[PDB]
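Q: The following file, protein.pdb, comprises PDB, C-alpha atoms (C1' of nucleotides) and all ligand atoms:
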ATOM      1  CA  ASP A   1      -3.055 -25.905   0.193
ATOM      2  CA  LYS A   2      -0.664 -25.503  -2.748
ATOM      3  CA  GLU A   3      -2.972 -27.264  -5.225
ATOM      4  CA  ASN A   4      -3.314 -26.114  -8.823
ATOM      5  CA  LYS A   5      -5.557 -23.096  -9.460
ATOM      6  CA  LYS A   6      -6.571 -21.014 -12.470
ATOM      7  CA  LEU A   7      -5.979 -17.340 -13.118
ATOM      8  CA  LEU A   8      -8.897 -15.418 -14.600
ATOM      9  CA  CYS A   9      -8.773 -11.971 -16.148
ATOM     10  CA  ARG A  10      -9.854  -9.589 -13.374
ATOM     11  CA  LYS A  11     -11.980  -7.512 -15.761
ATOM     12  CA  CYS A  12     -13.750 -10.088 -17.946
ATOM     13  CA  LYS A  13     -13.148 -13.278 -15.867
ATOM     14  CA  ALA A  14     -11.841 -15.128 -18.923
ATOM     15  CA  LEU A  15      -9.418 -17.960 -18.205
ATOM     16  CA  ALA A  16      -5.762 -16.975 -18.637
ATOM     17  CA  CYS A  17      -3.676 -19.924 -17.379
ATOM     18  CA  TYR A  18      -3.100 -22.304 -14.462
ATOM     19  CA  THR A  19      -0.590 -22.130 -11.638
ATOM     20  CA  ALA A  20       1.077 -25.260 -13.064
ATOM     21  CA  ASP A  21       2.374 -23.164 -15.990
ATOM     22  CA  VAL A  22       3.727 -20.308 -13.846
ATOM     23  CA  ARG A  23       7.484 -20.040 -13.273
ATOM     24  CA  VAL A  24       9.388 -17.660 -11.002
ATOM     25  CA  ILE A  25      12.409 -15.627 -12.126
ATOM     26  CA  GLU A  26      14.761 -14.128  -9.509
ATOM     27  CA  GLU A  27      12.261 -15.186  -6.804
ATOM     28  CA  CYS A  28      10.418 -11.967  -7.688
ATOM     29  CA  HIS A  29       8.882 -12.028 -11.204
ATOM     30  CA  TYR A  30       6.333 -14.525 -12.516
ATOM     31  CA  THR A  31       6.037 -15.797 -16.114
ATOM     32  CA  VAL A  32       3.918 -18.402 -17.924
ATOM     33  CA  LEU A  33       5.137 -21.325 -20.035
ATOM     34  CA  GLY A  34       3.351 -22.889 -22.980
ATOM     35  CA  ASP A  35       2.002 -21.788 -26.337
ATOM     36  CA  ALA A  36      -1.666 -21.788 -25.266
ATOM     37  CA  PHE A  37      -1.110 -18.754 -23.026
ATOM     38  CA  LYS A  38       0.525 -16.922 -25.937
ATOM     39  CA  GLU A  39      -2.917 -16.849 -27.610
ATOM     40  CA  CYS A  40      -4.566 -15.175 -24.598
ATOM     41  CA  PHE A  41      -2.708 -11.846 -24.620
ATOM     42  CA  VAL A  42      -1.568  -9.137 -27.014
ATOM     43  CA  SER A  43       1.393  -6.801 -26.636
ATOM     44  CA  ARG A  44       1.960  -3.113 -27.235
ATOM     45  CA  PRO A  45       5.302  -1.252 -27.203
ATOM     46  CA  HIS A  46       6.197   0.276 -23.858
ATOM     47  CA  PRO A  47       5.986   4.090 -24.094
ATOM     48  CA  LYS A  48       8.821   4.512 -21.561
ATOM     49  CA  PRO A  49      10.830   1.280 -21.886
ATOM     50  CA  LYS A  50      13.295   1.165 -19.026
ATOM     51  CA  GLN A  51      16.097  -1.299 -18.334
ATOM     52  CA  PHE A  52      17.052  -2.880 -15.032
ATOM     53  CA  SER A  53      18.797  -5.899 -13.519
ATOM     54  CA  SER A  54      19.378  -8.649 -16.080
ATOM     55  CA  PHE A  55      16.584  -8.044 -18.603
ATOM     56  CA  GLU A  56      14.948  -5.442 -20.836
ATOM     57  CA  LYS A  57      11.328  -4.195 -20.757
ATOM     58  CA  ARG A  58      10.024  -3.983 -24.329
ATOM     59  CA  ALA A  59       6.220  -3.934 -24.154
ATOM     60  CA  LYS A  60       3.099  -4.100 -22.005
ATOM     61  CA  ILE A  61       0.713  -7.045 -22.387
ATOM     62  CA  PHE A  62      -3.093  -6.988 -22.280
ATOM     63  CA  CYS A  63      -6.076  -9.348 -22.340
ATOM     64  CA  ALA A  64      -6.762 -10.419 -25.946
ATOM     65  CA  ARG A  65     -10.547  -9.960 -25.557
ATOM     66  CA  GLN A  66     -11.448  -6.795 -27.476
ATOM     67  CA  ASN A  67     -13.983  -5.993 -24.734
ATOM     68  CA  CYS A  68     -11.346  -6.117 -21.970
ATOM     69  CA  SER A  69      -7.689  -5.350 -22.852
ATOM     70  CA  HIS A  70      -6.895  -5.207 -19.129
ATOM     71  CA  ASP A  71      -3.286  -4.342 -18.306
ATOM     72  CA  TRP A  72      -1.635  -7.692 -17.484
ATOM     73  CA  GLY A  73       2.035  -6.722 -17.137
ATOM     74  CA  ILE A  74       4.954  -6.517 -19.552
ATOM     75  CA  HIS A  75       7.011  -8.441 -22.092
ATOM     76  CA  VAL A  76      10.761  -8.550 -21.575
ATOM     77  CA  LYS A  77      13.934  -9.983 -23.046
ATOM     78  CA  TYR A  78      15.544 -12.023 -20.252
ATOM     79  CA  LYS A  79      18.919 -13.512 -21.245
ATOM     80  CA  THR A  80      18.065 -15.094 -24.632
ATOM     81  CA  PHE A  81      14.306 -15.280 -24.087
ATOM     82  CA  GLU A  82      11.356 -13.053 -24.930
ATOM     83  CA  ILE A  83       8.888 -13.844 -22.161
ATOM     84  CA  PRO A  84       5.808 -12.380 -20.491
ATOM     85  CA  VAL A  85       5.990 -11.093 -16.922
ATOM     86  CA  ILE A  86       2.539 -10.709 -15.379
ATOM     87  CA  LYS A  87       1.399  -8.713 -12.350
ATOM     88  CA  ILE A  88      -0.901 -10.657 -10.007
ATOM     89  CA  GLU A  89      -3.088  -7.640  -9.245
ATOM     90  CA  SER A  90      -4.533  -7.914 -12.779
ATOM     91  CA  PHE A  91      -6.103 -11.350 -12.125
ATOM     92  CA  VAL A  92      -8.475 -13.367  -9.968
ATOM     93  CA  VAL A  93      -7.201 -16.657  -8.574
ATOM     94  CA  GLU A  94      -9.806 -19.428  -8.583
ATOM     95  CA  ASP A  95      -9.387 -22.716  -6.742
ATOM     96  CA  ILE A  96     -10.207 -25.517  -9.162
ATOM     97  CA  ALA A  97     -11.922 -27.703  -6.554
ATOM     98  CA  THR A  98     -14.176 -25.076  -4.939
ATOM     99  CA  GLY A  99     -14.500 -22.108  -7.301
ATOM    100  CA  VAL A 100     -13.473 -19.714  -4.530
ATOM    101  CA  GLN A 101     -12.014 -16.517  -5.955
ATOM    102  CA  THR A 102      -9.225 -14.501  -4.359
ATOM    103  CA  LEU A 103      -8.091 -10.960  -5.147
ATOM    104  CA  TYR A 104      -4.369 -10.549  -4.461
ATOM    105  CA  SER A 105      -2.377  -7.363  -4.959
ATOM    106  CA  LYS A 106       1.232  -8.566  -4.518
ATOM    107  CA  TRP A 107       2.905 -11.878  -5.344
ATOM    108  CA  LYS A 108       4.461 -12.136  -1.870
ATOM    109  CA  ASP A 109       0.981 -12.781  -0.438
ATOM    110  CA  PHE A 110      -0.009 -15.582  -2.851
ATOM    111  CA  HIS A 111       1.353 -18.852  -1.442
ATOM    112  CA  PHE A 112       1.255 -21.590  -4.077
ATOM    113  CA  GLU A 113       3.765 -24.050  -5.500
ATOM    114  CA  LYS A 114       6.180 -21.460  -6.936
ATOM    115  CA  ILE A 115       7.974 -23.625  -9.502
ATOM    116  CA  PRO A 116      11.294 -21.937 -10.380
ATOM    117  CA  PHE A 117      12.047 -21.056 -13.992
ATOM    118  CA  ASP A 118      13.906 -23.702 -16.002
ATOM    119  CA  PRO A 119      15.654 -22.560 -19.226
ATOM    120  CA  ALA A 120      15.345 -26.123 -20.520
ATOM    121  CA  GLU A 121      11.558 -25.789 -20.707
TER     122      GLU A 121
ATOM    123  CA  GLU B   1       4.448  -4.024  27.067
ATOM    124  CA  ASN B   2       4.782  -0.242  27.270
ATOM    125  CA  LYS B   3       6.364   1.403  24.235
ATOM    126  CA  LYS B   4       7.285   4.955  23.297
ATOM    127  CA  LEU B   5       6.619   6.719  20.005
ATOM    128  CA  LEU B   6       9.312   8.783  18.302
ATOM    129  CA  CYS B   7       8.876  11.137  15.359
ATOM    130  CA  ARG B   8       9.787   9.230  12.193
ATOM    131  CA  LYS B   9      11.796  12.155  10.808
ATOM    132  CA  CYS B  10      13.811  13.469  13.773
ATOM    133  CA  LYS B  11      13.262  10.639  16.324
ATOM    134  CA  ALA B  12      12.048  13.066  18.996
ATOM    135  CA  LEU B  13       9.852  11.506  21.671
ATOM    136  CA  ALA B  14       6.122  11.989  21.111
ATOM    137  CA  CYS B  15       4.354   9.907  23.793
ATOM    138  CA  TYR B  16       4.083   6.402  25.245
ATOM    139  CA  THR B  17       1.639   3.664  24.279
ATOM    140  CA  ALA B  18       0.364   3.882  27.870
ATOM    141  CA  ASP B  19      -1.059   7.328  27.023
ATOM    142  CA  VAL B  20      -2.756   6.164  23.810
ATOM    143  CA  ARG B  21      -6.532   5.687  23.705
ATOM    144  CA  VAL B  22      -8.717   4.217  20.973
ATOM    145  CA  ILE B  23     -11.982   5.779  19.799
ATOM    146  CA  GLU B  24     -14.540   3.471  18.119
ATOM    147  CA  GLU B  25     -11.796   0.843  17.670
ATOM    148  CA  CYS B  26     -10.458   2.819  14.685
ATOM    149  CA  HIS B  27      -8.941   6.232  15.641
ATOM    150  CA  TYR B  28      -6.103   6.787  18.122
ATOM    151  CA  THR B  29      -5.611   9.770  20.451
ATOM    152  CA  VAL B  30      -3.334  10.600  23.394
ATOM    153  CA  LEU B  31      -4.269  12.027  26.794
ATOM    154  CA  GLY B  32      -2.344  14.385  29.056
ATOM    155  CA  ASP B  33      -0.814  17.829  28.674
ATOM    156  CA  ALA B  34       2.699  16.504  28.063
ATOM    157  CA  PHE B  35       1.702  15.291  24.614
ATOM    158  CA  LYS B  36      -0.098  18.596  24.015
ATOM    159  CA  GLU B  37       3.256  20.367  24.382
ATOM    160  CA  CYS B  38       4.966  18.209  21.711
ATOM    161  CA  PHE B  39       2.840  19.258  18.725
ATOM    162  CA  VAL B  40       1.388  22.354  17.113
ATOM    163  CA  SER B  41      -1.877  22.510  15.190
ATOM    164  CA  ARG B  42      -2.896  24.322  12.035
ATOM    165  CA  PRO B  43      -6.373  24.923  10.504
ATOM    166  CA  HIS B  44      -7.013  22.037   8.165
ATOM    167  CA  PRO B  45      -6.895  23.070   4.479
ATOM    168  CA  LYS B  46      -9.690  20.585   3.667
ATOM    169  CA  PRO B  47     -11.858  20.362   6.817
ATOM    170  CA  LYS B  48     -14.821  18.004   6.654
ATOM    171  CA  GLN B  49     -17.396  15.937   8.531
ATOM    172  CA  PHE B  50     -17.722  12.183   8.938
ATOM    173  CA  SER B  51     -18.850   9.773  11.683
ATOM    174  CA  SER B  52     -18.970  11.502  15.132
ATOM    175  CA  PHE B  53     -16.294  14.205  14.770
ATOM    176  CA  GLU B  54     -15.250  17.140  12.584
ATOM    177  CA  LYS B  55     -11.769  17.583  11.160
ATOM    178  CA  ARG B  56     -10.644  21.076  12.102
ATOM    179  CA  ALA B  57      -6.856  21.269  12.051
ATOM    180  CA  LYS B  58      -3.804  19.503  10.678
ATOM    181  CA  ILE B  59      -1.080  18.913  13.254
ATOM    182  CA  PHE B  60       2.695  18.900  12.774
ATOM    183  CA  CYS B  61       5.855  18.452  14.841
ATOM    184  CA  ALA B  62       6.519  21.598  16.890
ATOM    185  CA  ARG B  63      10.328  21.324  16.373
ATOM    186  CA  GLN B  64      10.007  23.428  13.149
ATOM    187  CA  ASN B  65      13.028  22.005  11.209
ATOM    188  CA  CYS B  66      11.078  18.740  11.495
ATOM    189  CA  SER B  67       7.352  19.670  11.255
ATOM    190  CA  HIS B  68       6.554  16.120  10.094
ATOM    191  CA  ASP B  69       2.831  15.630   9.409
ATOM    192  CA  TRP B  70       1.406  13.792  12.440
ATOM    193  CA  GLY B  71      -2.334  13.817  11.660
ATOM    194  CA  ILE B  72      -5.230  16.102  12.573
ATOM    195  CA  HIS B  73      -7.145  17.738  15.417
ATOM    196  CA  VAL B  74     -10.894  17.155  15.710
ATOM    197  CA  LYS B  75     -13.922  17.972  17.855
ATOM    198  CA  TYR B  76     -15.305  14.714  19.305
ATOM    199  CA  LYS B  77     -18.304  14.997  21.657
ATOM    200  CA  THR B  78     -17.337  17.483  24.363
ATOM    201  CA  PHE B  79     -13.578  17.213  23.720
ATOM    202  CA  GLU B  80     -11.168  18.572  21.129
ATOM    203  CA  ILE B  81      -8.360  16.035  20.874
ATOM    204  CA  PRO B  82      -5.530  15.085  18.498
ATOM    205  CA  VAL B  83      -5.775  12.056  16.230
ATOM    206  CA  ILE B  84      -2.396  10.763  15.027
ATOM    207  CA  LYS B  85      -1.373   8.357  12.263
ATOM    208  CA  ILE B  86       1.118   5.678  13.312
ATOM    209  CA  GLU B  87       2.766   5.873   9.874
ATOM    210  CA  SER B  88       4.318   9.198  10.980
ATOM    211  CA  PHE B  89       6.283   7.680  13.898
ATOM    212  CA  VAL B  90       8.854   5.101  14.907
ATOM    213  CA  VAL B  91       7.787   2.775  17.712
ATOM    214  CA  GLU B  92      10.733   1.965  19.977
ATOM    215  CA  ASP B  93      10.554  -0.716  22.632
ATOM    216  CA  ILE B  94      11.899   1.075  25.698
ATOM    217  CA  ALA B  95      13.572  -2.034  27.150
ATOM    218  CA  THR B  96      15.466  -3.127  24.018
ATOM    219  CA  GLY B  97      15.680  -0.079  21.764
ATOM    220  CA  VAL B  98      14.228  -2.057  18.863
ATOM    221  CA  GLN B  99      12.583   0.396  16.489
ATOM    222  CA  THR B 100       9.479  -0.553  14.496
ATOM    223  CA  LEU B 101       7.985   1.151  11.421
ATOM    224  CA  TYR B 102       4.242   0.538  11.096
ATOM    225  CA  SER B 103       1.990   1.795   8.305
ATOM    226  CA  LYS B 104      -1.466   0.866   9.672
ATOM    227  CA  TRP B 105      -2.838   0.734  13.221
ATOM    228  CA  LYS B 106      -4.297  -2.718  12.497
ATOM    229  CA  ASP B 107      -0.766  -4.155  12.611
ATOM    230  CA  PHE B 108       0.463  -2.682  15.935
ATOM    231  CA  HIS B 109      -0.845  -5.022  18.651
ATOM    232  CA  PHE B 110      -0.739  -3.659  22.199
ATOM    233  CA  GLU B 111      -3.165  -3.036  25.045
ATOM    234  CA  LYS B 112      -5.631  -0.884  23.083
ATOM    235  CA  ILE B 113      -7.433   0.878  25.938
ATOM    236  CA  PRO B 114     -10.727   2.353  24.685
ATOM    237  CA  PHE B 115     -11.197   6.090  25.133
ATOM    238  CA  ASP B 116     -13.148   6.931  28.290
ATOM    239  CA  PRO B 117     -14.860  10.352  28.675
ATOM    240  CA  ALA B 118     -14.379  10.352  32.449
ATOM    241  CA  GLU B 119     -10.585  10.481  32.064
ATOM    242  CA  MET B 120      -9.357  13.627  30.286
TER     243      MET B 120
ATOM    244  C1'   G C   1      -7.933  10.270  10.895
ATOM    245  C1'   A C   2      -9.666   5.342   8.671
ATOM    246  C1'   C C   3      -9.721   3.063   3.740
ATOM    247  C1'   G C   4     -10.053   3.162  -1.522
ATOM    248  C1'   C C   5      -8.819   5.406  -6.369
ATOM    249  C1'   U C   6      -6.119   8.290 -10.424
ATOM    250  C1'   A C   7      -1.747  10.747 -12.299
ATOM    251  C1'   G C   8       3.295  11.544 -12.210
ATOM    252  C1'   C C   9       8.349  10.638 -10.600
ATOM    253  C1'   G C  10      12.617   7.788  -8.636
ATOM    254  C1'   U C  11      15.944   2.885  -7.933
ATOM    255  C1'   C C  12      17.652  -2.278  -9.639
TER     256        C C  12
ATOM    257  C1'   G D   1       7.700  -6.212 -13.527
ATOM    258  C1'   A D   2       9.283  -5.401  -8.130
ATOM    259  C1'   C D   3       9.454  -1.762  -4.717
ATOM    260  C1'   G D   4       9.501   3.298  -3.117
ATOM    261  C1'   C D   5       7.824   8.620  -3.077
ATOM    262  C1'   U D   6       4.832  12.689  -4.198
ATOM    263  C1'   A D   7       0.008  15.195  -5.637
ATOM    264  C1'   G D   8      -4.987  15.208  -6.129
ATOM    265  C1'   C D   9      -9.990  12.981  -5.701
ATOM    266  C1'   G D  10     -13.816  10.101  -3.303
ATOM    267  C1'   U D  11     -16.360   7.438   1.045
ATOM    268  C1'   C D  12     -17.722   7.542   6.402
TER     269        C D  12
HETATM  270 ZN    ZN A 201     -10.249  -9.739 -20.069
HETATM  271 ZN    ZN A 202       9.826  15.714  14.514
END
What does the file become when written as structure tokens?

A:
Amino acid sequence: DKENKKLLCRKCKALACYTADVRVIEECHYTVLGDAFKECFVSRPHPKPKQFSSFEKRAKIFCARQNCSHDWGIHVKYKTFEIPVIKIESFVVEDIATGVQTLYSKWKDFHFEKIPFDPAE
Amino acid sequence: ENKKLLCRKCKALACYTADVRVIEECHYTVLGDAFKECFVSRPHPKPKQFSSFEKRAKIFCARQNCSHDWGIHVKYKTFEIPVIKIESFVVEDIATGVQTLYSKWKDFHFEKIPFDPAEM
RNA sequence: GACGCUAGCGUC
RNA sequence: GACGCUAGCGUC
């Protein structure tokens, strides 16, 4: 099934977002739309910011819970956007209908409705 | 179908899948003296005990300018046999020449004959 | 060897 | 972020 699911912080199990809000960039990197998600993480400047492809890595992002702060990925400037790029190995996927939890390590293995990124949203 | 194993670094022939035997559905060895000629052994720098056999030596390609790490040599029951890691080799289908790079034994599906003490 | 983990480095 | 490579540590 490619039904909607929620991502929970792997360390504290707090809700982070839903698969409906996830968008794919270059069929390789995954970001999250919406302002609600922006409240769920904090950023911190990247100690070794490197550049590659079409965007620029500025900071790492972590769980906003002060009792977690699990590494969630990075924040990058892509074209004219400042957007979060998350790594799936930092989360637990939960199916909304059953509660079943899955621990993935790479995005290639997680098969869900991978809605491509739309600059208009 | 039968396949041969080549050294990942220099592509030298190591053995054929027909000679491979599985111990406790988890560790892979090879029978016959021909294979014994293709590798050299070396006392393991971190020997240790687990399950039913002791890790005594590290083994490497005998070809010297290659010397690619192939695994270890162990004492298992009344035999001392080599145990190899597929990640150190290229699998080539003999009929087609197609070369395959595996990382884990779980992924290479072939006739996995269990080790039998009466042979070798 | 079979798996897991930490650190570091390299490419777009 | 996505891969890739080292080194070390642990378990059986
Ligand atoms: Zn958390
Ligand atoms: Zn070799």

Q: Can you work out which residues from chain A touch chain D at a cut-off of 8 Å (counting only C-alpha atoms (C1' of nucleotides)) and hand them back as a PyMOL selection string?

A: chain A and resi 28-29+73-74+85-87

Q: What are the residues of chain B that have an atom within 9 Å of an atom of chain C, counting all atoms listed in the file, as number ranges by chain?

A: B: 26-28, 55, 71-74, 83-85

Q: List all protein, DNA and RNA residues that have at least one atom no more than 12 Å from any atom of ligand ZN 202 (chain A), counting all atoms listed in the file, and write them as a PyMOL selection string.

A: chain B and resi 5-14+38-40+59-70+88-90

Q: Which chains and residue numbers are within 7 Å of ligand ZN 201 (chain A), counting all atoms listed in the file, if I want them as a ChimeraX atom specification?

A: /A:9-14,63-65,68-70

Q: Atoms to include: C-alpha atoms. Write the selected residues as an mmCIF file, in the coordinates of the input.

A:
data_model
loop_
_atom_site.group_PDB
_atom_site.id
_atom_site.type_symbol
_atom_site.label_atom_id
_atom_site.label_comp_id
_atom_site.auth_asym_id
_atom_site.auth_seq_id
_atom_site.Cartn_x
_atom_site.Cartn_y
_atom_site.Cartn_z
ATOM 1 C CA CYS A 9 -8.773 -11.971 -16.148
ATOM 2 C CA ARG A 10 -9.854 -9.589 -13.374
ATOM 3 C CA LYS A 11 -11.980 -7.512 -15.761
ATOM 4 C CA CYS A 12 -13.750 -10.088 -17.946
ATOM 5 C CA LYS A 13 -13.148 -13.278 -15.867
ATOM 6 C CA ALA A 14 -11.841 -15.128 -18.923
ATOM 7 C CA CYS A 63 -6.076 -9.348 -22.340
ATOM 8 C CA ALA A 64 -6.762 -10.419 -25.946
ATOM 9 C CA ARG A 65 -10.547 -9.960 -25.557
ATOM 10 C CA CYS A 68 -11.346 -6.117 -21.970
ATOM 11 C CA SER A 69 -7.689 -5.350 -22.852
ATOM 12 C CA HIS A 70 -6.895 -5.207 -19.129
#

Q: Figure out the distance between CA of residue 119 in chain A and CA of residue 80 in chain A, please, to one decimal in Å.

A: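 Result for CA of residue 80 in chain A versus CA of residue 119 in chain A: 9.5 Å, one decimal.
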
Q: Specify the axis-aligned box that encloses all atoms of chain D listed in the file after padding of 4 Å on each side, stating its centre and edge lengths in Å to one decimal as AutoDock Vina command-line options.

A:
--center_x -4.1 --center_y 4.5 --center_z -3.6 --size_x 35.2 --size_y 29.4 --size_z 27.9

Q: Any idea what the distance is between CA of residue 78 in chain A and CA of residue 103 in chain A?

A: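 Rounded to one decimal, the two atoms are 28.1 Å apart.
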
Q: Mind giving me the straight-line distance from CA of residue 116 in chain B to CA of residue 82 in chain B in Å, one decimal?

A: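 CA of residue 82 in chain B lies 14.8 Å from CA of residue 116 in chain B.
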
Q: Decode the PyMOL selection byres (((chain B and resi 117) around 10) and not hetatm) for the given file into explicit residues and return them as a PyMOL selection string.

A: chain B and resi 77-79+114-116+118-120
